[PDB]
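*Asks:* Mind having a look at this structure? Questions to follow.
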2 protein chains.
Amino acid sequence: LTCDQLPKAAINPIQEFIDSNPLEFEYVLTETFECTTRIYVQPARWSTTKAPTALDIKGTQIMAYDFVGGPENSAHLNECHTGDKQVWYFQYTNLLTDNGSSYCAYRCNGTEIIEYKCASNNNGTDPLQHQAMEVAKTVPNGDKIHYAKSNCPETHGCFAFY
Amino acid sequence: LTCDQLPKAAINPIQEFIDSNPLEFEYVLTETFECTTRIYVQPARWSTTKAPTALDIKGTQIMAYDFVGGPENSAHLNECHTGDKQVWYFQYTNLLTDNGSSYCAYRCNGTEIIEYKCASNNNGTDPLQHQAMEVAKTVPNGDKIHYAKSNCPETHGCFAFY
Ligand SMILES: *[C@@H]1O[C@H](CO)[C@@H](O)[C@H](O)[C@H]1NC(C)=O
Ligand SMILES: *[C@@H]1O[C@H](CO)[C@@H](O)[C@H](O)[C@H]1NC(C)=O
Ligand SMILES: *[C@@H]1O[C@H](CO)[C@@H](O)[C@H](O)[C@H]1NC(C)=O
Ligand SMILES: *[C@@H]1O[C@H](CO)[C@@H](O)[C@H](O)[C@H]1NC(C)=O
């Protein structure tokens with residue numbers, strides 16, 4: 001199985017993601033997204049693209065990406081500080097269940113996987129999440145995929161921020 | 001007029017703030033909140049306080065505060081990185097109108113004002129906002145209040161983030 005053959009699941013309407021906020025990453029590929037909270041935001045009233053935004057928040061640092069849909073259930077992200085473009089897909093989504101929300105998303109470079117973001121608001125207890133992680137680690141470079149919350153800084157009174 | 005005599009307006013339900021996202025600051029007191037976007041977030045499923053969160057995002061830096069209601073329409077903020085507490089009030093709110101949303105919030109130290117955050121998603125065109133700003137600048141230390149968006153970094157394809 002190669003990265004290009006992973007499922008490209010249908011992307012739920014943006015409000016379902018917004019209604020899932022806040023989410024935390026459970027499994028990621030590089031260290032960049034360890035100990036990270038994800039927030040979805042509707043487009044600004046003054047946005048001329050009317051693209052929503054994904055926020056990756058790690059302590060006091062934040063990466064933001066406006067995004068729009070592309071071919072084959074892709075999400076085309078525009079990293080807001082650089083203008084750098086990224087193409088993402090979802091392995092699966094399972095939003096707004098009785099046990100909350102989870103999803104796993106990935107970024108390929110051809111047959112190899114180069115980034116992975118499994119998110120939840122239920123501390124990784126959706127059986128679909130563990131299962132997707134086990135499939136993703138079988139694609140080339142999937143060996144890098146690992147638990148995102150092993151060594152996170154202590155909190156100071158909040159729950160999704162530190 | 002002193003800071004303690006400013007209006008303490010009723011705080012709209014949290015969903016009305018969330019539905020206003022993203023907002024930008026129009027008038028602030030210190031430089032800290034210039035060129036800043038505000039995002040409201042519902043409490044995490046795993047939060048034991050069930051406090052929502054306000055996010056102040058300035059480029060790639062973020063301050064987060066969990067908050068709960070206090071006496072006399074106060075908002076009691078817990079800055080998530082330090083545990084430092086702040087007591088805020090709203091001068092007025094005007095959320096989810098035909099011309100979008102605006103509000104002005106302030107933080108006193110007794111009779112003096114020490115921080116001010118007027119937010120909107122309509123580029124400061126709510127007449128209530130200019131009017132509130134003119135009142136706030138008359139309390140002691142209100143002379144510091146000024147336009148928040150005079151020298152902001154260039155964007156790279158997004159609208160509420162840079
Ligand atoms: C994809 O692979 C090649 C290296 O083999 C590299 O030149 C290119 O920048 C890579 N792209 C990304 C987005 O990592
Ligand atoms: C979240 O899940 C991990 C196991 O993956 C567990 O060790 C940890 O204590 C759980 N956290 C909470 C808040 O229950
Ligand atoms: C309020 O005023 C005094 C200085 O006159 C200072 O000691 C105290 O820390 C101030 N509090 C805040 C929150 O600024
Ligand atoms: C926002 O308002 C200011 C005046 O306060 C104006 O100079 C600026 O061009 C406006 N921005 C947009 C995007 O219309």
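In the structure tokens, chains take letters A, B, ... by order of appearance, with residues numbered from 1 within each chain and ligands from 1 in the order shown.
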Which residues are near ligand 2 in this structure, taking near to mean any atom at most 8 Å from a ligand atom and counting only C-alpha atoms and all ligand atoms? Format them as a short mmCIF file (atom, residue, chain, number, x, y, z; two decimals) with N, CA, C and O atoms, in the first residue's frame.

*Replies:*
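Everything below was put into part_35.cif:
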data_model
loop_
_atom_site.label_atom_id
_atom_site.label_comp_id
_atom_site.auth_asym_id
_atom_site.auth_seq_id
_atom_site.Cartn_x
_atom_site.Cartn_y
_atom_site.Cartn_z
N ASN A 123 -9.92 11.83 23.29
CA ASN A 123 -8.67 11.22 23.72
C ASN A 123 -8.35 9.92 23.00
O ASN A 123 -7.85 8.97 23.59
N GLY A 124 -8.62 9.87 21.70
CA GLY A 124 -8.18 8.75 20.88
C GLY A 124 -8.94 7.45 21.08
O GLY A 124 -8.44 6.40 20.69
N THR A 125 -10.15 7.50 21.64
CA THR A 125 -10.93 6.28 21.95
C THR A 125 -11.86 5.82 20.81
O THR A 125 -12.62 4.87 21.00
N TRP B 46 -13.29 17.19 27.27
CA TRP B 46 -12.55 16.71 28.42
C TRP B 46 -12.25 17.81 29.47
O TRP B 46 -11.57 17.55 30.46
#

*Asks:* Please report as an NGL selection string which residues of chain B come no farther than 10 Å from chain A, using only C-alpha atoms.

*Replies:* :B and (18-24 or 39-53 or 55 or 57-67 or 78-84 or 99-101 or 121-123 or 153-162)

*Asks:* If you keep C-alpha atoms, can you produce a file of those selected residues as a PDB file, in the first residue's frame?

*Replies:*
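Output (part.pdb):
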ATOM      1  CA  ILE B  18     -18.392  31.662  18.428  1.00  0.00           C
ATOM      2  CA  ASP B  19     -20.730  32.428  15.502  1.00  0.00           C
ATOM      3  CA  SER B  20     -18.986  35.826  15.178  1.00  0.00           C
ATOM      4  CA  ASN B  21     -15.511  34.286  14.578  1.00  0.00           C
ATOM      5  CA  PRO B  22     -13.150  35.526  13.279  1.00  0.00           C
ATOM      6  CA  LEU B  23     -13.008  39.058  14.743  1.00  0.00           C
ATOM      7  CA  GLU B  24     -10.174  41.583  14.565  1.00  0.00           C
ATOM      8  CA  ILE B  39     -11.341  33.471  18.113  1.00  0.00           C
ATOM      9  CA  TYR B  40     -13.852  32.101  20.616  1.00  0.00           C
ATOM     10  CA  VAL B  41     -13.850  28.382  21.355  1.00  0.00           C
ATOM     11  CA  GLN B  42     -16.381  26.168  23.115  1.00  0.00           C
ATOM     12  CA  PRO B  43     -15.093  24.145  26.130  1.00  0.00           C
ATOM     13  CA  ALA B  44     -13.273  20.910  25.382  1.00  0.00           C
ATOM     14  CA  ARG B  45     -15.225  17.668  25.898  1.00  0.00           C
ATOM     15  CA  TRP B  46     -12.549  16.710  28.417  1.00  0.00           C
ATOM     16  CA  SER B  47     -12.541  20.089  30.270  1.00  0.00           C
ATOM     17  CA  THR B  48     -13.642  19.682  33.885  1.00  0.00           C
ATOM     18  CA  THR B  49     -14.356  23.430  34.264  1.00  0.00           C
ATOM     19  CA  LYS B  50     -16.337  23.493  31.020  1.00  0.00           C
ATOM     20  CA  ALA B  51     -14.984  27.015  30.532  1.00  0.00           C
ATOM     21  CA  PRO B  52     -14.879  28.337  26.944  1.00  0.00           C
ATOM     22  CA  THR B  53     -11.690  29.944  25.629  1.00  0.00           C
ATOM     23  CA  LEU B  55      -7.808  33.239  21.672  1.00  0.00           C
ATOM     24  CA  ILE B  57      -3.747  35.563  17.706  1.00  0.00           C
ATOM     25  CA  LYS B  58      -1.038  37.942  16.418  1.00  0.00           C
ATOM     26  CA  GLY B  59       0.780  36.468  13.452  1.00  0.00           C
ATOM     27  CA  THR B  60       2.366  33.240  14.645  1.00  0.00           C
ATOM     28  CA  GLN B  61       1.917  33.991  18.387  1.00  0.00           C
ATOM     29  CA  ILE B  62      -1.159  33.127  20.437  1.00  0.00           C
ATOM     30  CA  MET B  63      -2.439  33.954  23.920  1.00  0.00           C
ATOM     31  CA  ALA B  64      -5.327  31.768  25.171  1.00  0.00           C
ATOM     32  CA  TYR B  65      -7.559  32.322  28.175  1.00  0.00           C
ATOM     33  CA  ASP B  66     -10.183  29.993  29.570  1.00  0.00           C
ATOM     34  CA  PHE B  67     -12.995  32.081  31.008  1.00  0.00           C
ATOM     35  CA  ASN B  78      -7.232  32.389  33.175  1.00  0.00           C
ATOM     36  CA  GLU B  79      -4.297  32.970  30.839  1.00  0.00           C
ATOM     37  CA  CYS B  80      -3.464  29.428  29.760  1.00  0.00           C
ATOM     38  CA  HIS B  81       0.358  29.597  29.693  1.00  0.00           C
ATOM     39  CA  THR B  82       0.841  31.320  33.115  1.00  0.00           C
ATOM     40  CA  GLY B  83      -2.338  30.777  35.122  1.00  0.00           C
ATOM     41  CA  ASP B  84      -2.569  34.567  35.531  1.00  0.00           C
ATOM     42  CA  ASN B  99     -23.746  44.416   9.506  1.00  0.00           C
ATOM     43  CA  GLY B 100     -21.983  41.663  11.490  1.00  0.00           C
ATOM     44  CA  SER B 101     -20.686  41.767  15.034  1.00  0.00           C
ATOM     45  CA  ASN B 121     -15.881  41.508  11.928  1.00  0.00           C
ATOM     46  CA  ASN B 122     -17.064  44.559   9.949  1.00  0.00           C
ATOM     47  CA  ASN B 123     -13.909  46.651   9.976  1.00  0.00           C
ATOM     48  CA  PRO B 153       2.395  42.907   8.476  1.00  0.00           C
ATOM     49  CA  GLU B 154       1.466  41.988   4.911  1.00  0.00           C
ATOM     50  CA  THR B 155      -0.719  38.951   4.316  1.00  0.00           C
ATOM     51  CA  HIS B 156       0.281  35.817   2.363  1.00  0.00           C
ATOM     52  CA  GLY B 157      -3.053  34.632   0.998  1.00  0.00           C
ATOM     53  CA  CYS B 158      -5.232  34.595   4.149  1.00  0.00           C
ATOM     54  CA  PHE B 159      -7.526  37.278   5.568  1.00  0.00           C
ATOM     55  CA  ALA B 160      -7.598  36.992   9.371  1.00  0.00           C
ATOM     56  CA  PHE B 161      -4.076  35.532   9.758  1.00  0.00           C
ATOM     57  CA  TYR B 162      -0.550  36.524   8.632  1.00  0.00           C
TER      58      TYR B 162
END

*Asks:* Hey, which bits of chain B sit within 10 Å of ligand 3, and for each residue what's the closest pair of atoms and how far apart in Å (one decimal), counting only C-alpha atoms and all ligand atoms, rows by chain and increasing number, as a Markdown table?

*Replies:*
| residue | atom | partner | partner_atom_place_in_ligand_line | distance |
| --- | --- | --- | --- | --- |
| B:84 | CA | ligand 3 | 13 (C) | 9.9 |
| B:85 | CA | ligand 3 | 13 (C) | 8.8 |
| B:86 | CA | ligand 3 | 13 (C) | 7.5 |
| B:87 | CA | ligand 3 | 13 (C) | 8.8 |
| B:107 | CA | ligand 3 | 13 (C) | 8.6 |
| B:108 | CA | ligand 3 | 13 (C) | 7.8 |
| B:109 | CA | ligand 3 | 1 (C) | 5.1 |
| B:110 | CA | ligand 3 | 1 (C) | 7.3 |
| B:111 | CA | ligand 3 | 1 (C) | 9.8 |
| B:112 | CA | ligand 3 | 1 (C) | 8.7 |
| B:113 | CA | ligand 3 | 14 (O) | 9.2 |
| B:114 | CA | ligand 3 | 14 (O) | 6.7 |
| B:115 | CA | ligand 3 | 14 (O) | 9.3 |

*Asks:* Any chance you could list, as a compact mmCIF listing (two decimals) with N, CA and C atoms, in the first residue's frame, the residues in chain A that come up strand (DSSP E or B) when DSSP is run on the backbone?

*Replies:*
# COMPACT_ATOMS: atom_id res chain seq x y z
N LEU A 23 -10.08 20.18 19.13
CA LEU A 23 -9.56 18.82 18.95
C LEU A 23 -8.09 18.84 19.32
N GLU A 24 -7.55 17.68 19.68
CA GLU A 24 -6.12 17.53 19.92
C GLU A 24 -5.60 16.43 19.01
N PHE A 25 -4.35 16.55 18.58
CA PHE A 25 -3.75 15.49 17.79
C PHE A 25 -3.34 14.30 18.66
N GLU A 26 -3.63 13.10 18.16
CA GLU A 26 -3.30 11.83 18.80
C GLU A 26 -2.11 11.15 18.16
N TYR A 27 -2.07 11.13 16.84
CA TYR A 27 -0.94 10.58 16.10
C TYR A 27 -0.52 11.58 15.04
N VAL A 28 0.79 11.79 14.94
CA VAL A 28 1.36 12.69 13.96
C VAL A 28 2.63 12.04 13.38
N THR A 37 -3.22 21.49 19.48
CA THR A 37 -4.66 21.62 19.42
C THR A 37 -5.08 22.19 18.06
N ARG A 38 -6.17 21.66 17.52
CA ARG A 38 -6.69 22.06 16.22
C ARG A 38 -8.00 22.79 16.42
N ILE A 39 -8.12 23.96 15.79
CA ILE A 39 -9.34 24.78 15.82
C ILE A 39 -9.71 25.09 14.38
N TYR A 40 -10.96 24.82 14.01
CA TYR A 40 -11.51 25.23 12.73
C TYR A 40 -12.27 26.55 12.86
N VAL A 41 -12.10 27.40 11.85
CA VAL A 41 -12.71 28.71 11.84
C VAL A 41 -13.41 28.93 10.50
N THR A 53 -10.55 28.34 7.80
CA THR A 53 -9.17 28.27 8.28
C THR A 53 -9.02 27.14 9.29
N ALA A 54 -7.91 26.41 9.19
CA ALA A 54 -7.51 25.45 10.21
C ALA A 54 -6.37 26.09 10.99
N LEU A 55 -6.44 25.97 12.30
CA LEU A 55 -5.41 26.48 13.20
C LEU A 55 -4.77 25.31 13.94
N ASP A 56 -3.44 25.24 13.88
CA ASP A 56 -2.63 24.31 14.66
C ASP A 56 -1.88 25.09 15.74
N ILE A 57 -2.28 24.86 16.99
CA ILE A 57 -1.85 25.65 18.13
C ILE A 57 -1.03 24.76 19.05
N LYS A 58 0.21 25.18 19.30
CA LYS A 58 1.16 24.40 20.14
C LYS A 58 1.73 25.36 21.16
N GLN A 61 2.53 29.15 20.18
CA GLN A 61 2.80 29.26 18.75
C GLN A 61 1.60 28.75 17.97
N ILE A 62 1.34 29.38 16.83
CA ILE A 62 0.21 29.01 15.99
C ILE A 62 0.60 29.04 14.52
N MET A 63 0.21 27.99 13.80
CA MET A 63 0.21 27.93 12.34
C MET A 63 -1.26 27.96 11.89
N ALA A 64 -1.55 28.79 10.90
CA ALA A 64 -2.90 28.93 10.34
C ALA A 64 -2.82 28.62 8.87
N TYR A 65 -3.87 27.99 8.35
CA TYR A 65 -3.97 27.73 6.92
C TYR A 65 -5.40 27.95 6.45
N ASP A 66 -5.59 28.90 5.53
CA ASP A 66 -6.86 28.97 4.82
C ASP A 66 -6.92 27.73 3.93
N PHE A 67 -8.11 27.20 3.73
CA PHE A 67 -8.26 26.06 2.85
C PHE A 67 -9.53 26.05 2.01
N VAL A 68 -9.40 25.41 0.86
CA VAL A 68 -10.50 25.20 -0.07
C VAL A 68 -10.44 23.76 -0.57
N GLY A 69 -11.56 23.30 -1.11
CA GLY A 69 -11.62 21.94 -1.68
C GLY A 69 -10.92 21.88 -3.02
N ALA A 75 -7.99 18.76 0.27
CA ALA A 75 -8.04 20.06 0.90
C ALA A 75 -6.75 20.76 0.51
N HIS A 76 -6.89 21.96 -0.06
CA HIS A 76 -5.78 22.75 -0.54
C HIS A 76 -5.58 23.85 0.51
N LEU A 77 -4.50 23.71 1.28
CA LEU A 77 -4.17 24.60 2.38
C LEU A 77 -3.17 25.67 1.91
N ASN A 78 -3.35 26.89 2.40
CA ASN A 78 -2.46 28.02 2.15
C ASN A 78 -1.98 28.48 3.51
N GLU A 79 -0.76 28.10 3.86
CA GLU A 79 -0.17 28.47 5.14
C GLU A 79 -0.06 29.99 5.22
N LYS A 85 1.77 26.15 -0.01
CA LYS A 85 0.57 25.37 -0.34
C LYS A 85 0.79 23.96 0.10
N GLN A 86 -0.25 23.33 0.61
CA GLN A 86 -0.19 21.93 0.99
C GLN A 86 -1.48 21.25 0.54
N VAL A 87 -1.36 20.02 0.05
CA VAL A 87 -2.47 19.19 -0.37
C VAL A 87 -2.66 18.04 0.61
N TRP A 88 -3.84 18.02 1.22
CA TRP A 88 -4.21 17.07 2.25
C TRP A 88 -5.41 16.24 1.81
N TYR A 89 -5.50 15.03 2.37
CA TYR A 89 -6.71 14.20 2.25
C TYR A 89 -7.07 13.66 3.61
N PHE A 90 -8.32 13.19 3.74
CA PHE A 90 -8.77 12.47 4.90
C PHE A 90 -8.86 10.99 4.64
N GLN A 91 -8.21 10.23 5.52
CA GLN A 91 -8.34 8.79 5.56
C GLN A 91 -9.78 8.35 5.92
N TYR A 92 -10.34 9.01 6.93
CA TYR A 92 -11.74 8.83 7.32
C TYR A 92 -12.08 10.03 8.20
N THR A 93 -13.37 10.30 8.35
CA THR A 93 -13.86 11.20 9.38
C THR A 93 -14.98 10.50 10.14
N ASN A 94 -15.12 10.84 11.42
CA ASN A 94 -16.17 10.33 12.27
C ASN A 94 -16.53 11.41 13.28
N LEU A 95 -17.24 12.42 12.76
CA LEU A 95 -17.54 13.63 13.53
C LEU A 95 -18.89 13.58 14.22
N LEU A 96 -18.94 14.12 15.42
CA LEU A 96 -20.19 14.44 16.11
C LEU A 96 -21.02 13.17 16.44
N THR A 97 -20.33 12.16 16.97
CA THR A 97 -20.97 10.94 17.42
C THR A 97 -21.29 11.12 18.88
N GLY A 100 -18.16 11.80 20.66
CA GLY A 100 -17.41 12.90 20.08
C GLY A 100 -16.94 12.68 18.65
N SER A 101 -15.84 13.34 18.32
CA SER A 101 -15.36 13.46 16.96
C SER A 101 -13.92 12.97 16.83
N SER A 102 -13.63 12.31 15.72
CA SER A 102 -12.25 11.96 15.36
C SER A 102 -12.10 12.00 13.85
N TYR A 103 -10.87 12.12 13.40
CA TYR A 103 -10.55 11.97 11.98
C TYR A 103 -9.04 11.73 11.88
N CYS A 104 -8.60 11.19 10.74
CA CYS A 104 -7.17 11.15 10.39
C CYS A 104 -7.00 11.73 9.00
N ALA A 105 -6.06 12.67 8.88
CA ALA A 105 -5.73 13.33 7.62
C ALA A 105 -4.24 13.15 7.35
N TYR A 106 -3.87 13.20 6.08
CA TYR A 106 -2.50 12.89 5.66
C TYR A 106 -2.12 13.75 4.47
N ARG A 107 -0.82 13.89 4.29
CA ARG A 107 -0.22 14.62 3.21
C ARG A 107 0.83 13.68 2.60
N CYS A 108 0.72 13.45 1.29
CA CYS A 108 1.65 12.59 0.57
C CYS A 108 2.68 13.41 -0.19
N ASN A 109 3.80 12.78 -0.52
CA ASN A 109 4.63 13.20 -1.64
C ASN A 109 4.74 11.96 -2.53
N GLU A 112 5.08 8.21 -0.95
CA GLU A 112 5.42 8.32 0.47
C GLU A 112 4.51 9.29 1.23
N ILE A 113 4.31 8.95 2.49
CA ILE A 113 3.63 9.87 3.40
C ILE A 113 4.64 10.83 4.07
N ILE A 114 4.33 12.12 4.06
CA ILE A 114 5.23 13.14 4.64
C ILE A 114 4.69 13.89 5.87
N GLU A 115 3.38 13.85 6.08
CA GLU A 115 2.81 14.31 7.33
C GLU A 115 1.49 13.59 7.59
N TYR A 116 1.15 13.49 8.87
CA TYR A 116 -0.04 12.78 9.33
C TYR A 116 -0.61 13.53 10.53
N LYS A 117 -1.93 13.69 10.56
CA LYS A 117 -2.61 14.35 11.67
C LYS A 117 -3.92 13.60 11.98
N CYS A 118 -3.89 12.75 13.01
CA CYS A 118 -5.09 12.13 13.55
C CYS A 118 -5.55 13.00 14.71
N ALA A 119 -6.78 13.51 14.64
CA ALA A 119 -7.30 14.41 15.66
C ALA A 119 -8.50 13.79 16.36
N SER A 120 -8.71 14.14 17.62
CA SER A 120 -9.97 13.79 18.28
C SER A 120 -10.30 14.76 19.38
N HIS A 146 3.59 8.40 15.02
CA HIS A 146 3.75 8.12 16.42
C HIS A 146 2.78 8.95 17.23
N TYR A 147 2.69 8.59 18.51
CA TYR A 147 1.82 9.22 19.48
C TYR A 147 2.21 10.67 19.71

*Asks:* In Å, how far is it from CA of residue 36 in chain B to CA of residue 148 in chain B?

*Replies:*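 Pair CA of residue 36 in chain B / CA of residue 148 in chain B returns 7.8 Å.
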
*Asks:* Could you find all residues in range 29-162 of chain B that DSSP calls alpha helix (DSSP H) from the backbone, and write them as a list in words?

*Replies:*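 Output for range 29-162 of chain B, alpha helix (DSSP H) only: residues 127, 128, 129, 130, 131, 132, 133, 134, 135 and 136 of chain B.
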
*Asks:* Dump N, CA, C and O atoms for the selected residues as an mmCIF file, in the first residue's frame?

*Replies:*
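Result went into again.cif, see below:
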data_model
loop_
_atom_site.group_PDB
_atom_site.id
_atom_site.type_symbol
_atom_site.label_atom_id
_atom_site.label_comp_id
_atom_site.auth_asym_id
_atom_site.auth_seq_id
_atom_site.Cartn_x
_atom_site.Cartn_y
_atom_site.Cartn_z
ATOM 1 N N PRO B 127 -21.495 52.000 14.411
ATOM 2 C CA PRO B 127 -21.426 53.301 15.108
ATOM 3 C C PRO B 127 -21.281 53.194 16.624
ATOM 4 O O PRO B 127 -20.684 54.074 17.246
ATOM 5 N N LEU B 128 -21.823 52.126 17.217
ATOM 6 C CA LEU B 128 -21.637 51.873 18.646
ATOM 7 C C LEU B 128 -20.163 51.740 19.058
ATOM 8 O O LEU B 128 -19.810 52.087 20.182
ATOM 9 N N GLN B 129 -19.321 51.231 18.161
ATOM 10 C CA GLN B 129 -17.910 51.001 18.469
ATOM 11 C C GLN B 129 -17.127 52.312 18.595
ATOM 12 O O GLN B 129 -16.462 52.531 19.601
ATOM 13 N N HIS B 130 -17.212 53.173 17.588
ATOM 14 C CA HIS B 130 -16.561 54.481 17.653
ATOM 15 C C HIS B 130 -17.019 55.228 18.906
ATOM 16 O O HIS B 130 -16.221 55.796 19.649
ATOM 17 N N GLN B 131 -18.316 55.168 19.155
ATOM 18 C CA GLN B 131 -18.925 55.849 20.283
ATOM 19 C C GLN B 131 -18.399 55.318 21.618
ATOM 20 O O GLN B 131 -18.042 56.104 22.490
ATOM 21 N N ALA B 132 -18.309 53.995 21.767
ATOM 22 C CA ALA B 132 -17.770 53.398 22.995
ATOM 23 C C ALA B 132 -16.301 53.793 23.204
ATOM 24 O O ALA B 132 -15.902 54.096 24.322
ATOM 25 N N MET B 133 -15.536 53.797 22.121
ATOM 26 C CA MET B 133 -14.117 54.191 22.154
ATOM 27 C C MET B 133 -13.971 55.624 22.666
ATOM 28 O O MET B 133 -13.101 55.910 23.495
ATOM 29 N N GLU B 134 -14.852 56.508 22.218
ATOM 30 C CA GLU B 134 -14.802 57.914 22.659
ATOM 31 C C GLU B 134 -15.114 58.084 24.135
ATOM 32 O O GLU B 134 -14.532 58.949 24.787
ATOM 33 N N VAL B 135 -16.005 57.249 24.673
ATOM 34 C CA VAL B 135 -16.272 57.243 26.094
ATOM 35 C C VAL B 135 -15.098 56.658 26.899
ATOM 36 O O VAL B 135 -14.716 57.213 27.955
ATOM 37 N N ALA B 136 -14.568 55.521 26.440
ATOM 38 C CA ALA B 136 -13.474 54.844 27.147
ATOM 39 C C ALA B 136 -12.218 55.713 27.246
ATOM 40 O O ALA B 136 -11.517 55.668 28.258
#

*Asks:* I need the residue nearest residue 74 in chain A from this list: A:141, A:32, A:12, A:150. Use only C-alpha atoms for the distance.

*Replies:*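 Ranked by minimum distance to residue 74 in chain A, first place goes to A:12.
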
*Asks:* In Å to one decimal, how far is CA of residue 14 in chain A from CA of residue 29 in chain A?

*Replies:* 24.5 Å

*Asks:* Grab the CA of residue 71 in chain A to CA of residue 126 in chain A distance for me, in Å with one decimal place.

*Replies:*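 Between these atoms lies a distance of 27.9 Å.
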